[PDB]
Structures are given as structure tokens and as C-alpha cells.
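Here's the structure, in C-alpha cells; my notes come after.
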Amino acid sequence: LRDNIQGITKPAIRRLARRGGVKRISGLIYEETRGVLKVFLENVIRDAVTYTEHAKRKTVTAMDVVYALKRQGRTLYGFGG
Amino acid sequence: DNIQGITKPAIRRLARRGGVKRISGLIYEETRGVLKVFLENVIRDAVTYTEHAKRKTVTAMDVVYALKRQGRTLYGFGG
Amino acid sequence: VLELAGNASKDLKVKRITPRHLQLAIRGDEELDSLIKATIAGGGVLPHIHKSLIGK
Amino acid sequence: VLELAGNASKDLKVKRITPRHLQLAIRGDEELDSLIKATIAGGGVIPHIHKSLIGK
Amino acid sequence: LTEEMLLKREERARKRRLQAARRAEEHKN
Amino acid sequence: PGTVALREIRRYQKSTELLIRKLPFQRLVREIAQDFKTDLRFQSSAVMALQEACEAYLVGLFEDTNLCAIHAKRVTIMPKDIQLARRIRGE
Amino acid sequence: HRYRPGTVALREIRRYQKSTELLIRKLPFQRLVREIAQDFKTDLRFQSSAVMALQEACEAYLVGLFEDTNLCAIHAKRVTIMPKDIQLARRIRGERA
DNA sequence: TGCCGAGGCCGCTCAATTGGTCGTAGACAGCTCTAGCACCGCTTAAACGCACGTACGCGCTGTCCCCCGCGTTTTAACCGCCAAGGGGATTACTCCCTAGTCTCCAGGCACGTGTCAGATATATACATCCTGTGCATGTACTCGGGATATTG
DNA sequence: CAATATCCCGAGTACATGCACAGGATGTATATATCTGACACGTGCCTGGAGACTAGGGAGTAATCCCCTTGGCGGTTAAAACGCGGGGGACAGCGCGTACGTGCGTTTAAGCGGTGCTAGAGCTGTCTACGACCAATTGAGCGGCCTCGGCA
């Protein structure tokens with residue numbers, strides 16, 4: 001895959017920011033926030049793939065990512081488990 | 001009252017280990033607030049593990065298990 | 001649930017869609033402690049502007 | 001133990017004691033993550049002082 | 001190559017002029 | 001002046017939609033998994049369950065980041081605030 | 001002879017950041033944990049080593065709170081710590097609000 | 001004087017919120033499932049909880065004895081302020097690219113069953129490893145005197 | 001340059017530690033065991049691919065002044081250092097709980113057969129909620145009429 005973190009386009013970061021309650025966003029927040037999101041994805045999808053490899057599956061499934069989240073103190077309600 | 005025996009210079013020592021140069025005079029009576037609530041939250045659990053087992057002295061293991069529960073583990077007294 | 005339907009009523013609807021959980025589970029003082037760990041999927045956020053960012 | 005080569009021997013003192021392990025387990029950083037959840041009794045802290053507090 | 005953007009922009013032109021016809025005739029009453 | 005930026009707050013704190021475009025986020029998660037193993041397949045609900053957890057982390061970080069900008073008497077958030085909010089949080 | 005304000009504060013850092021000894025007096029902290037306990041169960045007894053594991057955990061909490069507080073004061077251009085700093089640190093770590 | 005100039009009160013028109021009414025589309029509640037497989041009831045021979053001096057371990061207790069606390073004030077610059085300047089964060093527009101929809105289309109594999117094995121549990125005999133105890137020195141400590149470093 | 005301080009080195013210092021010892025409880029060792037689930041086999045689904053198209057968004061730019069940023073501000077205390085107070089510190093013993101052992105008997109697990117609860121079924125069969133549109137309201141700014149204060 002090419003460079004797909006650039007697909008978290010600047011306006012989308014502003015939407016997330018706007019939800020969070022902030023008025024004014026310096027231009028260096030965009031390239032910092034992509035950095036934070038890529039580090040979070042790495043540390044959850046690694047666990048989700050290790051739960052997958054244990055079961056001899058190829059397809060990653062919703063319970064794998066939910067168990068991956070559950071161990072990091074970041075439990076998600078909505079997809080079971 | 002017994003909480004005022006967490007004397008001003010003791011707070012300064014704790015602070016000095018933490019690396020702060022200069023301490024506002026409002027920090028003394030405010031810091032006592034956070035110590036008093038922290039002790040409140042682990043003694044509730046330590047006396048809970050005590051009352052469970054019917055004994056009526058709090059052991060080192062009780063305060064270890066109380067601290068372990070709240071994510072503030074100590075290695076020292078019995079893991 | 002007692003307090004959640006208690007708020008579906010206030011928005012004048014019949015069926016408790018997902019945000020009506022968030023607006024209790026992360027609004028009652030004891031529930032906010034019991035469910036710290038939980039993200040409610042599609043649950044939204046409790047609305048708030050910081051008092052210093054509004055003008056005049 | 002082992003990474004205390006970098007500590008006990010460097011202080012010219014024999015017998016590992018609790019002011020070590022601290023001053024190591026919270027200095028090497030493949031570890032630390034394994035033991036964040038734990039204070040070391042009688043272990044103190046590593047020296048620092050932030051660059052704005054020291055005289056300019 | 002160019003035909004895609006050309007016929008897209010042609011479609012936008014008839015779209016515009018349909019809106020012109022409609023929002024002009026909103027002035028009738 | 002300075003009012004339309006504030007009008008957006010009242011919009012996005014009422015809606016509960018997902019705020020990142022779906023396909024661009026899905027192709028990023030396929031990229032990040034390739035260095036863990038080649039030729040995964042993702043279940044269509046797994047990709048959603050990532051997005052729901054990401055947005056809920058990002059928006060929690062901007063909530064905790066703004067508090068730092070207020071502390072420095074500013075309005076504008078800056079990377080030094082994100083850095084503080086992550087360091088003090090223990091990331 | 002008399003030093004400059006600042007000189008002795010940095011001398012104290014290099015002292016208490018090199019020792020590992022306990023910083024609160026024993027008896028005054030031992031009185032405090034008894035008073036907070038008797039509000040929850042009357043006529044307790046403590047083992048002599050239980051109160052030590054309280055103290056060694058408290059000091060290590062206080063010292064961590066200050067280390068995370070000073071980070072706020074430094075960010076806010078000051079060097080002095082003030083209550084408004086602790087309220088920020090303790091809110092981002094999710095303890096109080 | 002003068003003049004008037006500057007001065008102070010009241011209907012248009014537009015632009016968000018607010019609440020109302022229209023109609024239509026899946027998605028919710030409910031039915032009948034039916035179906036079946038779990039809950040129950042009914043025995044059994046079963047494990048493990050539990051109410052209960054006494055040896056006695058240590059939690060708590062009555063003394064004296066001192067630093068660190070406790071108190072003062074000078075000062076010292078820390079920290080606050082305000083006001084100005086520059087730009088860079090912001091706004092509003094136009095062009096543009098793809099996000100998203102649907103639709104067709106395949107086979108990858110996650111799903112499922114069909115058999116029955118190498119697995120690990122359990123017993124008895126048992127030897128051995130490991131604990132608790134008792135037991136010298138070796139050091140890491142606290143102190144005193146002088147050298148080197150650094151503040152003002 | 002003077003002074004307080006940290007650094008450094010050797011004497012003298014209890015006991016901590018590492019060791020040796022007796023001995024006990026448990027890890028081993030062998031035989032047996034069924035059954036977990038490994039493995040093998042197909043079942044059928046969705047994960048994926050692959051197209052056509054609009055319209056939403058995204059990116060870009062332009063203009064610009066808000067907000068940040070900086071300097072210089074004036075005002076007051078944490079720090080420094082000392083004097084000065086009482087309080088944290090080190091011993092004598094009581095007996096109460098904790099442990100631990102004994103015999104306390106409550107309940108669970110298991111295997112028994114019967115049976116009704118639940119969870120997958122529908123186009124169920126609608127119609128709450130979902131857009132779609134209309135209508136009200138307030139507020140704000142711009143014209144317009146009218147007393148009076150400073151000037152000829």
C-alpha cells in the first residue's frame with residue numbers, strides 16, 4: 001500500500017477537533033495527529049492479528065479486535081464480548 | 001487534627017524529590033487533600049479484604065491486595 | 001434503564017436509540033465510575049463548550 | 001538481574017540492593033513497560049532536574 | 001481522456017440551466 | 001466575527017455519525033496490518049469496530065488537549081499541548 | 001555571606017533525588033491512617049508492616065503527582081507550582097473530574 | 001442675536017432558530033413457533049465448609065530523649081500585568097476528485113461435520129529435594145580530617 | 001579572593017549472609033485412560049472484486065487582523081537564615097487474636113427422566129421515526145420623523 005495515512009484529510013481532523021470542543025487549531029496539529037492515530041492503529045491491530053494467528057484463521061474478525069481493545073483498558077460496547 | 005501533622009517541610013521534601021524549585025503557599029493545604037483522598041480509597045479496600053476473612057487486624061497482604069486492585073502495585077511486601 | 005427511558009421521554013420519542021445510553025451512563029455520577037472503560041458505539045458525546053471560549 | 005552489570009559493579013559495591021533494580025528497570029526501555037504497574041519499595045527515583053529550573 | 005471531464009461539465013451545464021429555468025419560474029407567483 | 005467556528009461545535013456535538021471518510025480509513029488499516037502478516041482478510045464488521053474506537057480515542061485526546069491550551073492562557077491548541085496531554089497521561 | 005534565592009532549592013533537589021529514605025515522619029502518618037480507618041470499622045488493629053506498605057505507596061504517589069505537576073507549571077511559562085497546576089494534572093489522569 | 005448642527009426617538013427588510021405538518025419505509029414488536037435441549041426434580045454417594053480451647057505471637061502499652069518542626073522578616077525576583085506588531089490562522093469562493101451506491105460475479109475460507117488417539121488425568125510407591133534451622137565474617141556503614149570545587 | 005559546601009579516604013564497626021545440617025512432603029515413575037480435539041472431510045458465504053455515476057467534499061486561493069507573541073511593565077512574596085519548641089525517638093510488659101487442630105455434618109456434583117423455555121424462524125405487519133417541507137419569532141440594522149447647545 002502506498003501512503004494511505006494522507007487519506008485522513010485535513011477537514012476530517014478538524015471535524016474530530018470540533019467535536020472535542022476546540023476553537024482554533026494551529027497548522028502543525030494536522031501532521032501531529034496523523035502521527036498519534038498511526039501509533040494507535042499499530043498497537044491495536046498487532047494484538048488483533050495475534051488473536052487471529054492463534055485460531056489459525058486468515059480473516060480478522062470483530063471479536064478479535066474487540067478482545068484486542070479489551071486488554072488495553074479501551075473496552076468497546078457494540079460488537080459483542 | 002491528625003492530618004495537619006503532614007507538616008509543611010515534609011511536603012517540601014516530597015516536592016523536592018519530584019524536582020520542583022518553588023512552591024506556592026496554597027499547595028500545602030491542597031496537597032493534604034489528595035493524600036487524604038488517596039488513603040481513603042485504599043483503606044476502604046484493605047478493610048474490605050479484612051472483613052471478608054473474619055479476622056480483625058489489617059495485614060500487609062491486605063494493603064498489598066488493595067493497592068494491586070487499583071493499578072498501583074508494589075513489589076516489596078509480598079507479590 | 002430507569003434513568004435512560006427517563007431521558008428518552010424528555011426528547012419525546014418512544015424507542016431508546018443508542019445515544020440515550022451515553023447521556024446517562026456518562027452523566028450519572030456513580031455510573032460514570034462503574035463504566036469508565038466503556039465506549040458506547042454510535043453513542044456520540046455529552047455536549048459542552050468551555051466557558052472561557054464563549055465571548056463577551 | 002544481568003542489567004545490574006550496568007549498576008552494582010559501576011558503584012564498586014557488592015550485593016544487589018533495592019536502590020538498584022530501580023535506577024535500572026526504570027532506565028532500560030524495552031522493559032519498563034512490563035513493570036510500570038509496580039513501585040519498588042525502598043527504591044527512590046532517578047535524578048533529573050528540568051532544563052528551565054537550572055540557572056541560565 | 002478529456003471527454004470524461006468535458007461531458008461531466010456539460011452535464012453540470014444542463015443541471016445549472018435546469019435550476020435557472022426552475023428558480024426563474026419561482027418569480028411567477 | 002469568530003462565531004462560525006463556534007457554530008460548528010454545536011453541530012458536531014449533536015450528531016453521532018462517524019467523522020472520517022470510510023474508504024480512506026479502511027485502506028489505511030489494510031496498510032498497517034501488512035507488516036504484521038501478509039494476505040489478511042478483514043471481516044466487514046472488524047473495520048467498523050476499529051473506526052468506532054479510533055474516533056472515540058482521538059476525540060477524547062482533543063477534549064484533554066484543549067484543557068492544556070486553556071492553562072497557558074491561549075485559545076489555540078498546538079502540538080506542545082498534545083505532547084503534554086500524552087506525557088501526563090502516560091502514553 | 002548568604003547565597004542567592006534559588007541556590008538552595010537546586011541543592012535540595014540533588015539531595016532528596018539521590019536518597020531513597022522515607023520523607024514523612026512515622027508517628028504522624030501512623031496517626032493519620034488509624035483515624036481514616038476507624039470511620040469504616042471500629043476497633044481495628046494494624047500489623048506493624050501494613051502501615052509501612054501504606055507509607056511506601058503514599059510517598060511514591062505524592063512524588064509522582066508532583067513530577068507530573070511540575071510539567072504543567074513549566075509548560076505555563078512559570079517555575080512556581082500553584083494549585084491550578086495540580087487540578088490540571090489530576091484531571092488529565094482522570095482522578096477527580 | 002441669528003442659524004443650524006448636532007441631537008434624540010420610532011416603522012421596513014433580512015436572517016437565524018423553532019416549532020409545526022407530510023408522507024413513507026424499512027425495523028420493531030409480536031406470533032407462532034415446535035423445536036429441543038437445557039432446567040428441573042430425583043435420587044445417589046459422595047467434599048468441604050464450619051463452630052469450637054489452647055499455645056502463644058505479636059499488637060499495643062508506660063517510660064524518657066531529642067531533631068525537625070515552628071516562628072520572623074528581608075529580599076528577591078517571580079509573576080503578574082498592558083500594549084503593539086506580524087503574521088498565520090480564518091473565511092469565502094471555484095474547481096475538482098473520489099466517496100459512496102449498486103450490481104454483477106467467484107471462489108476462499110470460515111464454516112461445518114465425522115472419527116476416534118495421543119493426549120493428560122489419576123494411583124501407588126517412593127526417594128529426594130527442598131525448607132527451617134542453626135551458624136562465621138565480611139562488608140557496607142557511620143564517623144572524622146583533609147582536598148577539591150563553586151558560589152558570590 | 002573567601003567562604004560554605006561536596007567529595008574522598010581510612011578506622012573501626014554488628015550482623016547478614018551465605019553456608020552446612022536434619023528431615024519431610026512431594027515430585028517422580030509406571031501403568032492405565034478416555035477422550036480432547038486433531039484431522040480430516042465437505043458447505044456455503046462473504047470477502048472480495050469490478051463499473052458507472054453523481055454530488056460532496058476536498059483542495060486550492062485570497063484577504064486579513066485575531067490572536068499570538070514580545071517587551072516592558074509594577075508589585076509582592078517563597079526563599080534564606082536564623083532563632084527557638086516540642087515532639088518523634090528508644091525501652092519495660094498483657095493478653096488478645098491468630099493460628100491450628102478436631103470433629104464438626106451442609107451441600108454439590110452426578111447421573112437419573114421428563115418437558116417447556118427460548119431463540120430462530122416470518123414478510124410477520126405495519127408505522128415510529130425519518131426526512132421534507134412549511135411557518136413564527138426574535139433581533140439587528142437603516143430609514144425617517146422630531147429638542148436642544150454651541151456659534152454668527
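Ordering of the C-alpha cells sets the chain letters (A, B, ...), residue numbers begin anew at 1 in every chain, and ligands are numbered from 1 in the order given.
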With the cut-off set at 8 Å and counting only C-alpha atoms, tabulate each residue of chain F with an atom at most that distance from an atom of chain C, showing the nearest atom pair and its distance in Å to one decimal, ordered by chain and increasing number, as JSON lines.
```
{"residue": "F:9", "atom": "CA", "partner": "C:49", "partner_atom": "CA", "distance": 7.5}
{"residue": "F:10", "atom": "CA", "partner": "C:47", "partner_atom": "CA", "distance": 7.8}
{"residue": "F:13", "atom": "CA", "partner": "C:47", "partner_atom": "CA", "distance": 5.3}
{"residue": "F:14", "atom": "CA", "partner": "C:47", "partner_atom": "CA", "distance": 7.0}
{"residue": "F:15", "atom": "CA", "partner": "C:44", "partner_atom": "CA", "distance": 6.8}
{"residue": "F:16", "atom": "CA", "partner": "C:44", "partner_atom": "CA", "distance": 4.2}
{"residue": "F:17", "atom": "CA", "partner": "C:42", "partner_atom": "CA", "distance": 7.0}
{"residue": "F:18", "atom": "CA", "partner": "C:42", "partner_atom": "CA", "distance": 7.9}
{"residue": "F:52", "atom": "CA", "partner": "C:41", "partner_atom": "CA", "distance": 6.1}
{"residue": "F:53", "atom": "CA", "partner": "C:39", "partner_atom": "CA", "distance": 7.3}
{"residue": "F:56", "atom": "CA", "partner": "C:39", "partner_atom": "CA", "distance": 7.1}
{"residue": "F:70", "atom": "CA", "partner": "C:52", "partner_atom": "CA", "distance": 8.0}
{"residue": "F:75", "atom": "CA", "partner": "C:53", "partner_atom": "CA", "distance": 7.2}
```
Print the selection's residues with N, CA, C and O atoms to a file, as a short mmCIF file (atom, residue, chain, number, x, y, z; two decimals), in the first residue's frame.
```
data_model
loop_
_atom_site.label_atom_id
_atom_site.label_comp_id
_atom_site.auth_asym_id
_atom_site.auth_seq_id
_atom_site.Cartn_x
_atom_site.Cartn_y
_atom_site.Cartn_z
N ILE F 9 -19.12 23.70 16.58
CA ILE F 9 -19.11 22.92 17.81
C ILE F 9 -20.53 22.41 18.10
O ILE F 9 -20.74 21.24 18.42
N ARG F 10 -21.53 23.28 18.03
CA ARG F 10 -22.88 22.92 18.38
C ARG F 10 -23.46 21.92 17.38
O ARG F 10 -24.48 21.30 17.70
N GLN F 13 -21.36 18.28 18.13
CA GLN F 13 -21.64 17.70 19.42
C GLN F 13 -23.08 17.20 19.51
O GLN F 13 -23.45 16.61 20.53
N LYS F 14 -23.90 17.39 18.46
CA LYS F 14 -25.27 16.88 18.43
C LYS F 14 -25.35 15.61 17.60
O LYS F 14 -26.08 14.69 17.99
N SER F 15 -24.61 15.56 16.48
CA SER F 15 -24.63 14.36 15.66
C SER F 15 -23.68 13.31 16.23
O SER F 15 -22.70 13.61 16.89
N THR F 16 -24.01 12.03 15.94
CA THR F 16 -23.29 10.85 16.39
C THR F 16 -22.74 10.03 15.21
O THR F 16 -22.32 8.88 15.40
N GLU F 17 -22.75 10.59 13.99
CA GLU F 17 -22.12 10.00 12.82
C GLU F 17 -20.62 9.79 13.03
O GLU F 17 -19.97 10.47 13.81
N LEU F 18 -20.03 8.89 12.23
CA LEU F 18 -18.58 8.77 12.09
C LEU F 18 -18.06 9.89 11.18
O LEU F 18 -18.65 10.19 10.15
N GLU F 52 -14.90 2.99 15.11
CA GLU F 52 -15.63 3.43 16.28
C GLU F 52 -14.75 3.66 17.50
O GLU F 52 -15.13 4.44 18.38
N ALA F 53 -13.63 2.92 17.62
CA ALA F 53 -12.72 3.04 18.75
C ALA F 53 -11.67 4.13 18.52
O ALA F 53 -11.28 4.79 19.49
N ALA F 56 -13.31 7.65 18.92
CA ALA F 56 -13.54 7.82 20.33
C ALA F 56 -12.25 8.04 21.14
O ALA F 56 -12.32 8.51 22.29
N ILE F 70 -6.03 26.12 27.44
CA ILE F 70 -6.66 27.00 28.41
C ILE F 70 -5.70 27.31 29.56
O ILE F 70 -5.68 28.43 30.06
N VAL F 75 -6.05 30.26 23.33
CA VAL F 75 -7.22 29.62 22.76
C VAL F 75 -6.80 28.52 21.82
O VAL F 75 -7.47 27.49 21.80
#
```
query = Near chain H, which residues of chain C fall within 12 Å when you count only C-alpha atoms (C1' of nucleotides), and what do they look like as a count of residues only?
reply = 3
request  = Write out as a PyMOL selection string the residues lying within 10 Å of residue 34 (chain I), counting only C-alpha atoms (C1' of nucleotides) and excluding same-chain residues fewer than 4 positions away.
outcome  = chain H and resi 117+119-121
task = Check the smallest atom-to-atom distance from each of A:24, A:57, A:74, A:34 to chain F using only C-alpha atoms, then report the winner.
result =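 Of A:24, A:57, A:74, A:34, the one nearest chain F, counting only C-alpha atoms, is A:24.
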Which residues come within 12 Å of residue 53 (chain H), counting only C-alpha atoms (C1' of nucleotides), excluding same-chain residues fewer than 4 positions away, as an mmCIF file with C-alpha atoms (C1' of nucleotides), in the first residue's frame?
```cif
data_model
loop_
_atom_site.group_PDB
_atom_site.id
_atom_site.type_symbol
_atom_site.label_atom_id
_atom_site.label_comp_id
_atom_site.auth_asym_id
_atom_site.auth_seq_id
_atom_site.Cartn_x
_atom_site.Cartn_y
_atom_site.Cartn_z
ATOM 1 C "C1'" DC I 100 -4.368 -24.644 64.085
ATOM 2 C "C1'" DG I 101 -6.342 -28.866 65.260
ATOM 3 C "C1'" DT I 102 -10.895 -31.648 65.936
#
```
